[PDB]
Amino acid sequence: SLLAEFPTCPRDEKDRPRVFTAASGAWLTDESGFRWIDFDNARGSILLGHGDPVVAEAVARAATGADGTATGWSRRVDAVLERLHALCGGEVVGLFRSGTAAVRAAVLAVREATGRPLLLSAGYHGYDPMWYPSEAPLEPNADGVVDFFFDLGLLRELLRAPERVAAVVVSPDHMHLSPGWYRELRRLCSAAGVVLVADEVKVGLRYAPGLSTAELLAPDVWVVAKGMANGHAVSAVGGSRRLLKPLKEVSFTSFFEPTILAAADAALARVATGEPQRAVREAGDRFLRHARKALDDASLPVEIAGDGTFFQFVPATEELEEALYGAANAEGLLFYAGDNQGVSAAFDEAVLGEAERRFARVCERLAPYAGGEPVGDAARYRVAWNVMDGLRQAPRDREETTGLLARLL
């Protein structure tokens, strides 16, 4: 309890952080010697696998000073910038030290460039107080942000006075929003004359070499991070020269640190091939097939949203959800509790076989829950809110919307 922060991490039944000593590909070792298969993967930022040898080699060599210095420019700066520009498009690119920092800088730049005060937001954008909730729904917070919770009806309401709106800023979820949802969001923004920022810190580079919403949203400004460096401390923003001109004022001391550049250059090279993304989808799909069959065979009322790139357990009750993760912990399957599971490209045959076996045992442990009432919508909404910080897409009217917000805020 020296730590002033509350980091999101794997925690035990007493809410104490699990202490991990080492990791390799899909596997972790804890301080008790217990061995785990990782579906958390630093919240999906470990796309390639823990201790990736090719990234590791690049990082080790950069640490010796052999690839340039934190004092100033190296050609790896140009490499990283060019790689991102090719994958994501736009006219310019900037680099940052976290997803939180990049999305804040992006949106403040757009607010400066447009001269308009309000940001309309769906999803999570990082830890900064600028994103804290307002006094009431549909009211701006103290930093001019209004949350629309992915409800396009609420967005239309807010877009009635678009002259106030610097940008719509959206964190995609491809488990809970359809392609059609995105095209409608795009349409609404375009017709309102408002800038669209795609916060792809989580989903960027993971579904494909580039932005997951490149065509669906064709955002004016993008942000990525988790996909770009196999976990290392870098994020990126890009888009029009005009909207991002205010980023000229960004400078920070560690900008040229060569280990982070080494990791991003290495990881981005593999990302560009599309191979790790395919591997993840395929491995995760294989795991899902099996897990869905095990749950059904055991009469357990747990749906799975999403797909192999990112999936989420949707249990019929809170009690079962807790039991599910307790059983998974007991069997050494480390899931990101309540949230999305994101396998890495290190999920090979060997790993998948073991994970399949362990999950069968998870389902045995849950035998007491067999035959429970099937999953209903309240559960779907609750569980989706945990991953997206807003409302999954499904038919509603305004009164149902209000009630869901009143419940879930």
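Throughout, we count residues from 1 along the sequence that is shown.
> Quick check: 156 to 164 versus 296 to 304, which has the larger average CA B-factor in the record?
Higher mean C-alpha B-factor in the PDB entry: 296 to 304.
> Could you check the entry and say whether 286 to 294 or 216 to 224 has the higher mean CA B-factor?
The recorded data point to 286 to 294.
> Among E184, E112, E257, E322, where is the Cα temperature factor highest, going by the PDB entry?
So the option with the highest C-alpha B-factor is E322.
> Just the C-alpha B-factor column, please: which of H125, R241, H176, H232 has the biggest number?
So the option with the highest C-alpha B-factor is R241.
> Quick check for you: using the entry's CA B-factors within this chain, is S190 in the lowest, middle or highest third?
It belongs to the middle third of the chain when residues are ordered by C-alpha B-factor.
> Once the chain's modelled residues are ordered by C-alpha B factor and cut into thirds, is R11 in the lowest, middle or highest one?
According to the entry, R11 has a C-alpha B-factor in the chain's middle third.
> Could you tell me which third, lowest, middle or highest, the C-alpha B-factor of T69 occupies within its chain?
Ranked within chain, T69 CA B lands in the middle tercile.
> Against its chain's modelled residues, does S344's Cα B factor rank lowest, middle or highest third?
Middle third - that is where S344 ends up once the chain's C-alpha B-factors are sorted.
> Relative to the other modelled residues in the chain, which third contains the C-alpha temperature factor of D52: lowest, middle or highest?
Answer is middle: the recorded C-alpha B-factor places it there.
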